[PDB]
Each structure stands twice: as structure tokens, then as C-alpha cells.
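Just so it is clear: chains get the letters A, B, ... in the order the sequence lines come, proteins before strands, and each one is counted from 1. Whatever order the structure lists ligands and atoms in, that order sets their numbers, starting from 1. Quick note: numbers below take in every heavy atom, side chains included, and nothing from hydrogens, waters or symmetry partners.
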Amino acid sequence: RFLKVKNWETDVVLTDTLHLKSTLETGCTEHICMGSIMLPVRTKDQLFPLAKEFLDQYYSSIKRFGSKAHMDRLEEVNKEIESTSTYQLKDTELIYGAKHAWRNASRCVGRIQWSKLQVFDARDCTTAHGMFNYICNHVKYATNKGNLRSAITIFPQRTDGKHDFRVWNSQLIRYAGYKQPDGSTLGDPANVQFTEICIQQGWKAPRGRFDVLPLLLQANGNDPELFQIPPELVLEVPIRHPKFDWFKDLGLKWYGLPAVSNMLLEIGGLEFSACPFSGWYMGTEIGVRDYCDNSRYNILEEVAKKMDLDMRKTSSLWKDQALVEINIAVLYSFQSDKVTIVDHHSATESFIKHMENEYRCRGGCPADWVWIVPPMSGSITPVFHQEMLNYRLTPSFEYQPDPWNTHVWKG
Amino acid sequence: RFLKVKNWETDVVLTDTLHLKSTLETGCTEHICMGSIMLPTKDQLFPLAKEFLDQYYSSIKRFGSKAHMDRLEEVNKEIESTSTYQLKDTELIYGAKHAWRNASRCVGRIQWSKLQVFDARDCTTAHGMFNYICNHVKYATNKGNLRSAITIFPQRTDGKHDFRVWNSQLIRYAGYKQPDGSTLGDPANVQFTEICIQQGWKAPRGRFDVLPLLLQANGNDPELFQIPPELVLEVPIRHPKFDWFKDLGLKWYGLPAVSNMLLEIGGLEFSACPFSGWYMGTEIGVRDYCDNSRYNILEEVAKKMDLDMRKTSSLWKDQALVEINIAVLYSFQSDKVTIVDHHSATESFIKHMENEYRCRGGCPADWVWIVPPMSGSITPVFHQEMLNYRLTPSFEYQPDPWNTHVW
Ligand code: HEM
Ligand code: HEM
Ligand SMILES: Nc1ccc2ccc(CCNCCc3cccc(F)c3)cc2n1
Ligand SMILES: Nc1ccc2ccc(CCNCCc3cccc(F)c3)cc2n1
Ligand SMILES: C[C@H](O)[C@H](O)[C@H]1CNc2nc(N)[nH]c(=O)c2N1
Ligand SMILES: C[C@H](O)[C@H](O)[C@H]1CNc2nc(N)[nH]c(=O)c2N1
Ligand SMILES: [Zn+2]
């Protein structure tokens with residue numbers, strides 16, 4: 001069975017067959033759509049089938065399906081699963097793995113870049129100090145002095161679920177949040193809980209509005225350890241505006257490297273619970289969400305006051321005007337300091353080109369419209385008008401529980 | 001079984017049970033989500049009729065009363081003989097208000113129970129339908145103080161006798177192709193406009209020409225009618241700060257009145273059921289004005305604002321977009337014509353979801369349609385999880401009458 005999707009601006013219609021290769025469940029049924037819900041030890045039994053499916057896909061992509069090398073690899077992986085209950089990916093399969101997980105990530109608008117992903121193999125790592133070293137290199141290579149390069153570092157895969165590697169941070173670079181006694185928050189409200197776990201673990205907090213958190217790193221199931229990232233490795237950008245001189249006086253900055261460190265990477269049934277990855281920013285992530293979400297830095301009012309808009313009635317659209325101002329400032333500041341960034345018009349146009357290409361070369365592109373459409377100016381980007389089909393392929397990036405809720409403490 | 005929805009901005013959590021009363025299907029499967037697809041006999045009629053009367057009687061608190069079982073027998077007999085049945089007035093008003101209540105794509109449902117229902121089931125001809133339509137337009141316009149209403153024509157019987165309004169809205173601007181190659185007026189309505197011209201309409205061929213009504217009674221060829229211009233309230237679009245904005249020569253009409261949907265109540269199909277409320281600002285300023293396939297005026301405005309249009313990253317579109325919408329709101333408010341902004345309408349809708357969760361056990365909502373087409377994340381709906389499901393009575397799409405009719 002085939003499925004068509006229509007772009008309602010261009011009337012271009014595309015035919016999906018890729019959805020047939022999908023297994024994992026979406027969460028919806030014929031009677032209910034869960035398209036807007038934010039969230040979606042494995043046994044030897046369930047493992048060979050998963051490995052086989054992955055190797056069939058790997059060997060197809062390199063035009064060696066059914067080859068002698070294909071059959072021997074399958075034989076060898078099966079022998080390794082029965083003897084040891086798990087197996088080890090070759091380098092090449094890992095690289096292929098990590099690339100396909102990004103390519104398969106239906107909420108990522110940046111997937112046109114999926115095949116340029118520098119993969120660092122940290123599976124020989126055994127200790128939290130080793131993890132810190134691997135993370136510094138990643139950050140140094142990814143940043144590349146403002147000319148960002150996508151990368152991912154992959155720590156040993158899960159074994160019995162009791163020896164897991166985890167990065168306790170949600171991103172490698174993120175600002176502290178502190179709840180004050182009077183109920184206000186200083187710094188970033190999204191990071192208060194984690195900030196508190198750093199303090200308790202012995203971090204001496206500076207207590208400002210923009211303090212880069214320390215790394216909290218768990219090797220082999222052991223209690224996690226604190227490490228400060230060398231500041232010379234943390235590239236940060238002061239935010240100013242090209243026309244409004246008072247903007248600089250709001251004291252805002254952001255860091256340049258967005259580096260998600262809390263997802264789980266699944267490849268051929270193997271689970272990599274520590275797999276930090278990095279790209280570069282679309283401007284709306286910082287300007288709309290980080291700065292203007294009511295539950296984050298929430299600077300809308302302060303900016304509107306300084307612009308002197310009519311804040312007495314919402315129908316003045318003062319909120320909408322202040323928001324476009326902040327986003328202009330964000331992009332202006334990055335471009336001036338020569339730090340890679342993409343605006344939402346350019347990223348969405350890329351994405352539609354990527355999606356057509358994928359329907360042609362691959363037979364489909366899973367895409368999550370709720371996440372792909374940008375959080376400002378949605379209908380003037382071409383993604384608003386594109387029908388999209390969302391389904392789950394592997395390899396994949398998955399959510400996982402916060403480590404502080406599951407970890408057994410040693411003391 | 002019972003499902004939770006969380007608001008990520010405020011952490012309010014609501015539990016949904018109403019979905020277990022869903023009848024129709026979504027288009028999704030647990031393998032594929034279809035959230036973003038725009039559109040996905042005597043035997044059948046009795047369960048449908050029964051379902052409907054069951055919730056009607058329970059709503060007025062007489063479920064399983066003499067009166068309940070009485071009506072159930074009665075409609076049961078009428079189906080068995082006539083192979084259809086007629087709704088009582090009160091059931092008809094209940095059905096229509098609930099079709100709005102259940103419209104998961106509608107952000108304006110906090111108003112659902114203030115709907116004026118006009119019963120036109122005694123209508124027989126296109127002139128009759130015209131008369132009902134003007135009464136509806138004048139009542140709902142109310143000289144700028146807008147009132148929700150729906151007018152209900154006779155229900156489908158054999159499908160060769162259908163009542164239909166061929167317009168997609170009762171008030172819509174014409175669209176013409178040109179020698180030039182591109183489009184004067186509204187591109188959305190280029191097709192319908194030629195059916196009118198190929199019908200007899202003399203078009204003024206302007207940018208903002210109110211379309212004639214094309215009305216079909218009992219399956220006959222449809223007939224043109226001009227709406228008295230005195231019943232068409234229109235707003236000149238000016239800006240509270242930019243003097244040159246008035247010289248763009250833009251206007252829009254006060255009354256949004258969708259006329260091409262099908263109302264389904266207790267298995268009965270009402271294929272002509274035009275209804276109207278009032279605008280959210282973004283429908284005109286974001287979609288009608290700035291869609292690439294619509295009036296598409298973003299560059300013309302950006303220009304007049306002397307913004308740097310050299311690269312996408314100056315956010316000149318975003319800048320021009322805001323100014324346009326400020327002007328729509330300003331104009332409607334200055335001319336005393338009811339309008340709602342996206343901040344206000346979404347804050348209401350969150351209040352409505354809350355009400356519905358506690359009084360009904362849920363509220364079907366379609367996030368893709370409820371989040372406004374500008375500034376999504378600074379509105380509270382953006383952060384609200386929503387469950388989408390299909391309840392009846394309902395409004396449904398139906399195919400264009402020109403693809404189906406015979407001359
Ligand atoms: C190269 C520049 C990139 C850009 C501009 C980009 C853009 C984005 C954006 C804007 C989002 C939504 C984020 C949000 O609203 O919170 C996203 C989601 C995501 N992207 Fe990317 N992306 C990039 C690179 C990458 C890389 C290198 C990977 C992994 C190798 C990745 C995997 C994902 C995943 C897994 C999600 C979904 C996250 C979730 O469900 O919470 N992306 N992408
Ligand atoms: C009173 C003021 C009202 C407001 C502000 C309002 C708001 C809206 C908006 C903004 C949309 C999406 C529009 C679009 O993007 O095309 C919509 C969809 C809809 N509303 Fe309303 N609404 C109102 C009254 C009504 C009434 C009176 C009814 C019927 C009694 C109704 C039924 C619907 C339906 C069926 C849809 C979805 C149509 C589709 O799937 O194409 N609404 N509403
Ligand atoms: N620019 C980029 C590049 C890669 C990315 C990869 C992943 C992400 C997503 C990280 N954000 C998670 C935020 C979240 C999600 C779900 C619930 C929450 F409370 C918070 C953003 C990215 N941005
Ligand atoms: N302000 C209001 C009030 C009631 C409304 C009732 C319905 C509507 C939207 C109806 N339009 C259908 C749009 C559509 C759908 C599918 C294909 C298309 F080309 C166009 C808008 C409303 N706006
Ligand atoms: C409730 C809702 O699904 C949730 O707020 C989503 C909406 N769309 C999103 N889209 C992106 N890119 N990022 C997000 O964090 C969200 N949040
Ligand atoms: C492809 C996508 O489903 C389509 O553009 C939808 C998106 N969301 C929408 N939301 C509203 N309110 N109105 C619309 O017409 C649309 N169009
Ligand atoms: Zn779905």
C-alpha cells in the first residue's frame with residue numbers, strides 16, 4: 001500500500017512507501033490522534049531479529065546484500081549473541097547507525113545535513129575522567145572557532161542495565177537556574193532541578209544569570225562526577241541589536257553549540273545511553289523559546305518596555321513585535337561574531353528540498369509537523385503547507401528517564 | 001483507558017474519558033500518524049438515531065424516561081416506513097450546537113452554546129434559500145456587533161435532490177487570471193469565479209469584488225443572486241502609525257460564513273447549513289493577505305516599510321507580517337466590527353478546554369489547526385497537549401458540487 005502527501009501551496013504530491021518498513025508504534029489509534037503528546041536489560045530472544053534487520057539494511061546500503069561478507073557477518077553476530085548475549089558493532093556499522101538515526105529523526109528540521117556527521121567512537125572509555133576527555137574533544141572539534149561541524153560521541157552500549165554510561169546534563173553547555181527564597185528564579189528556570197543536584201554534589205555556584213553548569217558524568221554504573229568544561233572551549237555570543245542600542249544593556253548572551261546529551265541511541269537492538277550530539281542553532285530556538293517562553297528567561301515585557309510599545313492591550317500585538325525584535329538581535333549577533341546559525345526561513349526551505357529528495361531516493365521521509373513547523377511565523381514558512389507522515393524507523397534516537405530518578409546510589 | 005493531557009507551560013494535567021465515546025475514525029493507525037493531512041440505507045440509520053437521542057435525553061436529564069423510550073419508538077417507526085425521520089426543533093438546536101462543540105479544529109468554541117439556529121427546513125427553491133440567506137447575513141452582522149448563527153436547509157433524501165450553496169463562504173472576493181499571466185483579486189476563488197462568469201455574472205474585475213451567490217434547491221441547476229451591498233459590512237484597512245498603509249487600498253469583510261460543510265445529526269445529513277461567527281485577526285492578516293497562494297502582499301508592504309529584503313535573516317517578512325496584523329485588528333476595532341486577536345482567542349480556548357474537562361470529561365482538539373499561524377509559542381495553546389477524536393453530531397467536508405451535479 002502507497003500513501004500520498006500534498007503540498008497545499010505548490011500542489012506537488014509525493015508518494016510514500018517507506019512507511020511500510022516501519023515497526024515501533026506511534027501512540028495513535030484509528031480512534032484517537034496523539035500527534036501533540038510531547039513524550040512517546042533486553043533479552044537474547046528479541047536481539048537476533050533486531051540485529052538481522054539492521055545488517056540487512058546496512059548491507060543493502062553498501063550494495064553487498066546477500067554477499068559472502070553479509071552472510072558471514074550475520075553468522076558471526078548470531079554466534080556472538082548466543083555466547084555472550086550481546087554483540088559489538090564494527091566501526092563502519094556504527095557510523096552508518098548514527099547517521100541513520102539522525103536521518104530517521106522525524107522531529108528534526110535540520111536533516112538535510114544528515115550524511116555529514118562526524119562520529120567519535122568512545123566505546124573504549126571506562127571512567128568519568130575518560131568521558132570528560134572525550135567530551136572536551138568533541139566540543140573543541142564541533143565548535144571549530146565558530147564554524148560549527150556536526151558530531152556525535154558514542155560511549156559503551158548498555159549491558160545489564162546496571163553499568164550504564166550517562167551524561168546527567170540535558171545539554172553539554174547550559175546555564176544554571178536558582179530558585180530564590182522570595183520565589184523568583186535567577187538564571188534559567190528549566191535547569192533549576194539539575195542545578196540543585198550539582199550544588200549538592202559539591203559545585204560552588206557563582207549564582208549569576210548566565211553560569212555554565214559543570215558536567216555530571218556517570219561511567220559504568222558508578223556514581224557520577226563533576227567536571228568544569230574549560231571556559232576557553234565554551235564559545236558564547238553577547239546579544240545586541242543592529243538598530244537598538246539599549247539592547248546590549250539587557251545583558252543577554254547565549255552559547256554557540258547546541259549539544260543534546262540525554263537521548264538514547266538505538267542501533268540493531270543495542271542501546272547507547274550516552275551519545276552526546278551537536279549541530280548548530282536555528283535562531284528561533286534561542287530567540288523564541290529560550291528567551292521568551294514564560295517558563296524560561298521570559299524577557300518579553302522587559303524588551304517591550306524599552307521599545308515603549310502599547311502594553312495595555314494584547315491586540316496591540318506588542319508581544320509579537322518584541323518577539324521579532326529579539327529574534328533579529330539573535331541572528332545579527334551570531335552572524336557578526338561569525339558563529340554558524342540558520343534562520344527559520346532558510347532552514348524550512350532546506351527541509352522541504354531534503355524531504356522531496358528523500359521521497360525520490362528513499363520512498364519517504366518520516367516528519368512530525370508539530371515539531372517541524374517553527375514557533376513563530378509558522379504559515380509564512382513552506383513547511384506549514386506541507387502534509388507530513390509520521391512513523392518510527394530504526395536506527396533511532398529515543399527519550400530515556402532522567403538518571404537521578406533511576407540511579408542506585410553507592411555513596 | 002482514561003488519558004492524561006499536560007500543559008507544559010503551567011503543569012495543569014487533565015484526564016480525558018470523553019474519547020471513549022468516539023464513533024468515527026481518525027485516519028491514524030499505531031504505525032502512522034496522519035495528524036497533518038488536511039482531509040483524511042435503512043440499516044445504518046437506526047443505530048445512529050438511537051445514539052443521538054440517547055445523549056439528547058441524558059443532556060436534559062430524562063435518559064430512559066417514558067418520554068425518552070416514547071421518542072425512540074416513534075423515530076424507529078418513522079424510519080421503518082419512510083426510511084428517514086424528522087428531528088424535533090429542540091433536537092435540531094441541540095444537534096447544531098453540539099456539532100460546534102465537537103468541532104476539534106475550532107478555536108472559538110467557548111461560545112458554543114450561544115448559537116442562533118434558523119430552521120429553513122420548509123424551504124423549496126433557490127429564491128427561498130436566498131431569502132433565508134439574507135435574513136441570516138443581516139441578523140449575524142447586526143451592524144458590526146456580530147452574533148453566531150447557522151441556517152439549516154432540508155436534509156438529504158436520495159442524493160439527487162440535495163440543497164447546496166455552491167459558494168465556499170457566503171461573502172468572498174473574486175479572482176481572475178490575466179493576459180499578464182498572474183492573478184487579480186483572490187487566487188483561492190479563481191475557479192468558482194469562472195463558474196459564475198460561465199453562469200452569467202458580469203464581473204467588475206477588481207481586486208475586491210464580492211462574489212454572487214450560487215444556490216441549488218432540490219438538485220436543480222443553481223441560480224445566481226447578488227447580496228444587497230447594504231448587507232455586506234466591509235472594513236477599510238489602515239494602520240494606527242503608518243499613514244501610507246491606507247493607500248495600499250486593502251479591505252476585508254466583517255462576516256466569516258462558511259457555507260460548504262455538511263452537518264450530520266443522528267445519521268441525518270444537512271448538506272446546506274451555512275454558519276457564521278466572527279474573525280480571529282490572523283485568518284485575514286496572516287492567511288488571506290500573506291499566503292503565497294493568496295493576496296500575497298508581504299513584499300509590497302516590506303518595501304513601503306523600507307526594510308532590508310536582501311536576505312531572509314533580517315526577518316523582514318516577520319516584521320511586515322506583524323504590522324499587517326496590527327492594522328487588521330486596529331481597523332476592525334476602529335470601525336466597531338467584532339474581531340478577536342490570537343492572544344485572546346487562545347487564552348479563551350484554554351479556559352474552554354478546562355471547562356469541558358470538568359463538565360464533559362474532555363474536549364477533542366486538533367493542535368495543528370488550533371495553534372495560530374503566527375507567534376505559535378507565545379500563545380498558551382502551543383504548550384497544551386490535545387487529544388484529537390471525532391464525536392457526532394459533527395460538521396464534515398463534502399465534495400465540490402460542480403464535480404457531482406448534472407445540468
Ligand atoms: C545541524 C544543525 C541542526 C539543526 C539546525 C537542527 C534543528 C533541529 C531543531 C530546531 C529541532 C527541534 C528542537 C526543539 O524545538 O527543541 C531538532 C530536533 C531534533 N534534531 Fe536536530 N538539528 C540539527 C542537527 C542535529 C543532529 C546533529 C542530530 C543528531 C545527530 C539531531 C537530531 C535531532 C533530534 C533527535 C531531534 C528531536 C528531539 C526531541 O524529540 O526532543 N539534529 N533539530
Ligand atoms: C464565534 C467566533 C468563531 C471563531 C473566532 C472561530 C475560530 C475558528 C478558526 C480560526 C478556525 C480555523 C480557520 C481556518 O484556518 O480556516 C475555525 C475552524 C472551525 N470552526 Fe470556528 N470559530 C468561530 C465560530 C464558529 C461557529 C459559529 C462554528 C459553527 C457553528 C464553527 C465551526 C468551525 C469548524 C467546523 C471549523 C473547522 C473547519 C475545517 O476543518 O476546515 N466555528 N474556527
Ligand atoms: N539546533 C539543534 C540541533 C540539534 C538538536 C537536537 C535536539 C534538540 C531537542 C532538545 N530539546 C528538548 C526539550 C524538551 C523536550 C520535551 C520536553 C521538555 F520538557 C523539553 C534540539 C536541537 N537543536
Ligand atoms: N472565524 C471563523 C469562524 C468560523 C469558521 C469556520 C470554518 C473555517 C474554515 C473553513 N475553510 C476550509 C479550508 C480548506 C480546507 C481544505 C482545503 C482547502 F483548500 C481549504 C473558518 C472559520 N473562521
Ligand atoms: C504540547 C506540544 O506538543 C509541545 O508544546 C511541543 C509543540 N511543538 C514543539 N515543537 C518544537 N520544535 N519544539 C518543542 O519543544 C515543541 N513543543
Ligand atoms: C498541511 C497542514 O495540515 C495544513 O497547512 C493546515 C495546517 N494548519 C492549519 N491550521 C489552520 N487553523 N488552518 C489551516 O488552514 C491549516 N492548514
Ligand atoms: Zn495521529
Heavy-atom nearest neighbour in the protein, as seen from atom 34 (C) of ligand 2, with distance rounded to 0.1 Å: B:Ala103 CB, 4.1 Å

Atom indices of ligand 2, in the order listed, that fall short of 4.0 Å to a heavy atom of B:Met280: 10 (C)

Aromatic plane relationship, B:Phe275 with B:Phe395 - under 30° parallel, 30 to 60° tilted, over 60° perpendicular: tilted

Subset of ligand 6 atoms that lie under 4.0 Å from at least one heavy atom of B:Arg287: 13 (N), 14 (C), 15 (O), 16 (C)

Residue A:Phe277 vicinity, atoms of ligand 3 by number, heavy atom under 4.0 Å: 6 (C)

Nearest option to atom 17 (C) of ligand 2, as decided by whichever heavy atom of B:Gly277, B:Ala99, B:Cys106, B:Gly108 sits closest: B:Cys106

Nearest non-hydrogen protein atom, atom 8 (C) of ligand 3: A:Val260 CG2, 3.6 Å

Element-labelled atoms of ligand 3 that are located less than 4.0 Å from some non-hydrogen atom of B:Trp8: 19 (F)

Atom 13 (C) of ligand 3: the protein heavy-atom neighbour that sits closest, reported with distance to 0.1 Å: A:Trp371 CH2, 4.9 Å

Pair A:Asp188 + A:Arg296: basic N to acidic O under 4.0 Å: yes

Electrostatic pair A:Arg392-A:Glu398, nearest N-O below 4.0 angstrom: yes

Geometric class of the A:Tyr175/A:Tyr297 ring pair [parallel <30°, tilted 30-60°, perpendicular >60°]: perpendicular

B:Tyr397 N/O under 3.5 Å from ligand 2 N/O: yes

Residues, nucleotides or ligands: over 12 heavy atoms within 6.0 Å of A:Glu356 CD: yes

Rounded distance [0.5 Å steps], CD1 in B:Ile284 versus CD1 in B:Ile339: 4.5 Å

Ion pair check, B:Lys4 and B:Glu385, cut-off under 4.0 Å: no

Heavy-atom proximity to atom 11 (C) of ligand 2, best of B:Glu396, B:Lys114, B:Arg147, B:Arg105: B:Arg105

Contact atoms of ligand 3, heavy-atom distance to A:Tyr281 under 4.0 Å: 1 (N)

Option whose closest heavy atom lies nearest to atom 3 (O) of ligand 6, chosen from B:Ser36, A:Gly378, A:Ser379: B:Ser36

Shortest protein heavy-atom distance from atom 7 (C) of ligand 6, along with the residue and atom involved: A:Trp369 CZ2, 3.5 Å

Best match, B:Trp278, B:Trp369, B:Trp100, B:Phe395: closest heavy atom to atom 14 (C) of ligand 2: B:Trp369

Proximity of A:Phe384 to ligand 6 by residue part, where a heavy atom lies under 4.0 Å: both

Heavy atom of the protein closest to atom 14 (C) of ligand 3 (residue, atom name, distance): A:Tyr399 OH, 4.6 Å

Non-hydrogen atom of B:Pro372 closer than 4.0 Å to ligand 2: no

Polar contact flag, side-chain donor to acceptor under 3.5 angstrom, A:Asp368-A:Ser106: no

Within reach of ligand 2, part of B:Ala96 (heavy-atom separation under 4.0 Å): neither

Per-residue contact class, A:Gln386 against ligand 6 - non-hydrogen pairs under 4.0 Å: backbone

Ring-face cation of A:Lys99 near A:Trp102 (centre distance under 6.0 Å, axis angle within 45°): no

Minimum-distance protein heavy atom relative to atom 6 (C) of ligand 6: B:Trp369 NE1, 3.9 Å

Atom 32 (C) of ligand 2: nearest protein contact (heavy atom, Å): B:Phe275 CE1, 3.7 Å

Distance filter under 4.0 Å to A:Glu387 heavy atoms, resulting ligand 6 atoms: 1 (C)

CZ-CZ distance between B:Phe270 and B:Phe153, expressed to the nearest 0.5 angstrom: 12.5 Å

Ring centres under 6.0 angstrom apart (B:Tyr289, B:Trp252): yes

Under-4.0 Å heavy-atom contact with ligand 3, by part of A:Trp280 that carries it: backbone

A:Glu285 and ligand 3 - part of the residue with a heavy-atom distance under 4.0 Å: side chain

Chi angles and distances behind the side-chain contact (heavy atoms from CB on, under 4.5 Å) call for A:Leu117, A:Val119: CA-CA 6 Å; A:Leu117 173 58; A:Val119 168; 4.1 Å; yes

A:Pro258 to ligand 3, any heavy atom closer than 4.0 Å: yes

4.0 Å protein heavy-atom contact status of atom 20 (C) of ligand 3, strictly under: no

B:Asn142 side chain vs B:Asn145 backbone, donor-acceptor pair below 3.5 Å: yes

Side chain, backbone, both or neither: the part of B:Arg109 lying under 4.0 Å from ligand 2 by heavy atom: neither

